Enquirer: 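Questions regarding the structure given below will be posed in turn.
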Amino acid sequence: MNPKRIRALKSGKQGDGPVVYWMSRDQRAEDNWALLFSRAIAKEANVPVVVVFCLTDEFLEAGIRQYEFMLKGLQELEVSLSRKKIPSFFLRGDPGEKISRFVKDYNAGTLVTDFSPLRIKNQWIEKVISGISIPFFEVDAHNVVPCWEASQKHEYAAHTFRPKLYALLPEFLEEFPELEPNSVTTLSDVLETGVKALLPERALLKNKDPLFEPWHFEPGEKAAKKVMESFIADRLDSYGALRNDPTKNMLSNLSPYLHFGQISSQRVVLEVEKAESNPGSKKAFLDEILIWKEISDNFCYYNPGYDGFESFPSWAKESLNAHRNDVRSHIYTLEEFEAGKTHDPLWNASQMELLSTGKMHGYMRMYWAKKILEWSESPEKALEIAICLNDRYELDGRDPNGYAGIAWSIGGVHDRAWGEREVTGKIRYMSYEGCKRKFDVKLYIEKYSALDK
DNA sequence: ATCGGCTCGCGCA
DNA sequence: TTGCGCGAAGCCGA
Ligand SMILES: Cc1cc2c(cc1C)N(C[C@H](O)[C@H](O)[C@H](O)COP(=O)(O)OP(=O)(O)OC[C@H]1O[C@@H](n3cnc4c(N)ncnc43)[C@H](O)[C@@H]1O)c1[nH]c(=O)[nH]c(=O)c1N2
């Protein structure tokens, strides 16, 4: 294992108990550098490895759709793990308090957690270090090239990060070894409890039917692989040419699995690389899962204010500021945006895709966000509303790719200046008529019309 | 240091 | 649609 994937959080003396993988971002049994390191650390000490996961109360901020998708994954994973003789524990509370307690409770030898740039995981980690005395390690098991290794600074753009990343790919793109089973030796209640709490909040139809259609993405490590497999057989070949067409199902559809770590993106890269197809599609796809996925982790990790105005570049701050007092053609409230009551039937269509499938087509995510800027009273409100809806209804929400993506659309982060406009200033414009030239807009609106109810 | 090159709309064929 | 050349625009890093 490449030791540059390991960061030492808290130095100390190796206790003589088990090795504890605090699993958080990467909820998979396979292709998991964090669980592989733990087992290594375990194996030399002749102790077992165990996995702990903390079900916090953040689930009350989203909906049944994300929380059933996550728990059904953890149920499968639990089985996966016990078959490898690795027990799994599940705590319910504040990771700062519960993990600390647990580590003392079970006399853990060493502590290990996977990596995530989001503000709140570092808060927990800090709290955790004050509460323990054993060594504490962190492993990047989400990125092909560990976030802190790929760059030491905020990258202004893909085209600056891209040479830095591909120089290190030969070293970090590699196969995964086997999760060796242990040698030395309730989730269902939680899920029924959580839904009963979230139920008053369900996104319902007029006839009391749920909006959300749970059949588009089956959750779990197994299903995730079958999705990847299926993208490579049918859709990879056409990806470069039809990726940007909302009327063709030609995306990988991996982002819900990746978000929850139910499959490794290092694995996808390994499998796409070895696939023969259209070079242009492979190149198109690899740029998305390598450059754009991981510069997003770079963004949050070096900009703690990643979900606010002040993280924008100077030029875009200037510009939006200078157009704060422009007359907006339209001003909608969150509640109107939420229910698709704008004047723009293409915009409403894509919000109905969001509402019922929990995954809005990549290209329409750009449109969607910019019309929120154009049709709200201020850039901050735009940011607020676009974050709110993104995180509440996307299956892949509350994710670095989220904040980095919204910042692109509303703030030109990782983007450049365009012709000055009213209201949106120099931020990249997108039009209805421009979509008309690019895809059969009417089909798209047609598909999601019968939903206004 | 000096300037080439970065993930839209639109005219047009 | 489909692709090209052009525009408008701020800045990093050879
Ligand atoms: C307004 C808005 C909001 C969001 C986002 C963009 C925009 C404009 N993104 C990014 C992007 O829209 C999203 O990752 C894709 O829809 C994922 O779907 P597929 O895997 O089918 O993409 P596709 O199959 O084409 O790409 C495969 C993978 O490449 C990566 N990728 C693709 N587009 C990317 C992008 N624009 N930025 C970064 N990585 C990208 C992702 O890992 C994705 O799973 C995001 N992503 C996310 O998963 N959750 C979110 O909540 C958001 N938030």
Side-chain angles (χ1 to χ4, degrees), chain A residues 25 62 65-66 69 118 142-144 155 157-158 161-162 165 216-217 224 227-228 230-232 234-236 238-246 248-269 271-272 281-300 306-307 337 347 350-351 353-354 357-373 382-383 385-415 427-428 430:
Chain A
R25 188 181 199 167
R65 76 181 54 191
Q66 294 92 350
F69 191 92
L118 302 178
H142 224 61
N143 297 314
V144 174
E155 299 288 327
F161 182 63
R162 176 152 24 215
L165 194 36
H216 301 274
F217 312 110
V227 157
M228 170 202 62
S230 185
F231 171 70
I232 287 189
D234 333 300
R235 324 202 288 287
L236 173 53
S238 291
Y239 183 78
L242 309 175
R243 56 179 299 260
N244 271 339
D245 184 333
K248 310 273 178 21
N249 169 33
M250 284 289 114
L251 318 177
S252 67
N253 295 320
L254 289 162
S255 62
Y257 302 96
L258 297 180
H259 164 64
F260 292 125
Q262 291 182 9
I263 181 172
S264 159
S265 68
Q266 198 176 321
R267 168 65 67 201
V268 186
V269 176
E271 303 298 328
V272 170
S281 275
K282 280 176 71 174
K283 207 280 188 189
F285 190 81
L286 285 183
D287 267 8
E288 297 292 338
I289 203 153
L290 287 181
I291 300 316
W292 286 108
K293 170 154 153 344
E294 313 208 345
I295 208 190
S296 293
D297 259 39
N298 160 275
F299 178 60
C300 302
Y306 51 72
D307 50 358
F337 280 113
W347 192 99
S350 70
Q351 169 67 18
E353 182 173 45
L354 180 59
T357 70
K359 159 148 202 295
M360 192 192 294
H361 185 278
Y363 191 89
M364 290 314 299
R365 301 217 205 176
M366 299 194 285
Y367 197 69
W368 188 79
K370 296 178 173 295
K371 270 24 204 166
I372 288 177
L373 180 53
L383 206 41
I385 291 167
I387 270 163
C388 183
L389 300 185
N390 176 99
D391 284 0
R392 166 77 182 80
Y393 291 100
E394 296 280 29
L395 290 180
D396 59 17
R398 303 162 301 169
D399 187 84
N401 285 6
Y403 311 103
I406 298 189
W408 185 85
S409 303
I410 284 167
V413 164
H414 290 151
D415 194 2
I427 304 299
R428 191 191 297 244
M430 288 177 83

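Side-chain atoms are counted along with the backbone in the values below, which use heavy atoms only and exclude waters and symmetry mates. Reminder, nothing fancy here: chain letters follow the sequence lines and each chain counts from 1. Just follow the structure's listing: the first ligand is 1, and inside any ligand the first atom is 1.
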Enquirer: Heavy-atom contacts with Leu254(A) under 4.0 Å: which atoms of ligand 1 show up? List them by number with element.
Expert: 20 (O)
Enquirer: Any idea which atoms of ligand 1 are less than 4.0 Å away from a heavy-atom of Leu258(A)?
Expert: 42 (O), 44 (O)
Enquirer: Taking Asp234(A)'s backbone N and O only, do any of them form a donor-acceptor pair with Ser238(A)'s side chain (distance below 3.5 Å, no angle check)?
Expert: no
Enquirer: Quick one: does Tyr239(A) get a heavy atom under 4.0 Å from ligand 1?
Expert: yes
Enquirer: Which is closest to atom 8 (C) of ligand 1 in terms of heavy atoms, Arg365(A), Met360(A), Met364(A)?
Expert: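 Shortest heavy-atom distance from atom 8 (C) of ligand 1: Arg365(A).
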Enquirer: Ignoring hydrogens, just give me the one of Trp292(A), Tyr403(A), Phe285(A), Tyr257(A) whose non-hydrogen atom is nearest atom 27 (C) of ligand 1.
Expert: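 Checking each option, the heavy atom nearest atom 27 (C) of ligand 1 is found in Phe285(A).
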Enquirer: Can you find an N or O of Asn253(A) that's nearer than 3.5 Å to an N or O of ligand 1?
Expert: yes
Enquirer: By number and element, which atoms of ligand 1 are closer than 4.0 Å to a non-hydrogen atom of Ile289(A)?
Expert: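 Counting atoms of ligand 1 from 1, those under 4.0 Å from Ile289(A) are 29 (O).
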Enquirer: Salt bridge check: are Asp287(A) and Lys283(A) linked by an N-O gap of less than 4.0 Å?
Expert: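 Salt bridge flag = yes for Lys283(A) with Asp287(A).
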Enquirer: Do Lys359(A) and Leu395(A) have side chains that get closer than 4.5 Å, going by heavy atoms?
Expert: no
Enquirer: Look at the rings of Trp292(A) and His414(A) and say which category their plane angle falls in: under 30° parallel, 30 to 60° tilted, over 60° perpendicular.
Expert: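 Correct class here is perpendicular.
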Enquirer: Does ligand 1 come near enough to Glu288(A) that some N or O of the ligand is less than 3.5 Å from an N or O of the residue?
Expert: yes
Enquirer: Heavy-atom pairs closer than 4.0 Å: do any link ligand 1 to the side chain of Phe231(A), the backbone, both, or neither?
Expert: neither
Enquirer: Where do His259(A) and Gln66(A) land on the side-chain contact (heavy atoms from CB on, under 4.5 Å) test, with the steps shown first?
Expert: CA-CA 11 Å; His259(A) 164 64; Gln66(A) 294 92 350; over 6 Å; no
Enquirer: Run the contact test for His259(A) against ligand 1 with a 4.0 Å cut-off on heavy atoms, strictly below, and give the result.
Expert: no
Enquirer: Find all atoms of ligand 1 within a distance of less than 4.0 Å from any non-hydrogen atom belonging to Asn390(A), and give their numbers and elements.
Expert: 3 (C), 4 (C), 50 (C), 51 (O), 52 (C), 53 (N)
Enquirer: Compare all side-chain heavy atoms of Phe231(A) with those of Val268(A) and state whether any distance is below 4.5 angstrom.
Expert: no
Enquirer: Quick check on contacts: which atoms of ligand 1 are under 4.0 angstrom from a heavy atom of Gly397(A)?
Expert: 51 (O)
Enquirer: Has ligand 1 got any nitrogen or oxygen that is less than 3.5 angstrom from a nitrogen or oxygen of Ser409(A)?
Expert: no
Enquirer: What are the atoms of ligand 1, with element, lying closer than 4.0 Å to any heavy atom of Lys359(A)?
Expert: 18 (O), 21 (O)
Enquirer: Do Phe217(A) and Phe69(A) have ring centres separated by under 6.0 Å?
Expert: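 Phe217(A) vs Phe69(A): aromatic centres not under 6.0 Å.
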Enquirer: Check whether any N or O atom of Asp396(A), backbone or side chain, sits under 3.5 Å from an N or O atom of ligand 1, and answer yes or no.
Expert: yes
Enquirer: Hey, are the side chains of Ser230(A) and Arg235(A) touching, using non-hydrogen atoms and a 4.5 Å cut-off?
Expert: yes
Enquirer: Contact between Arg398(A) and ligand 1, counting heavy atoms under 4.0 Å?
Expert: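 No heavy atom of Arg398(A) comes that close to ligand 1.
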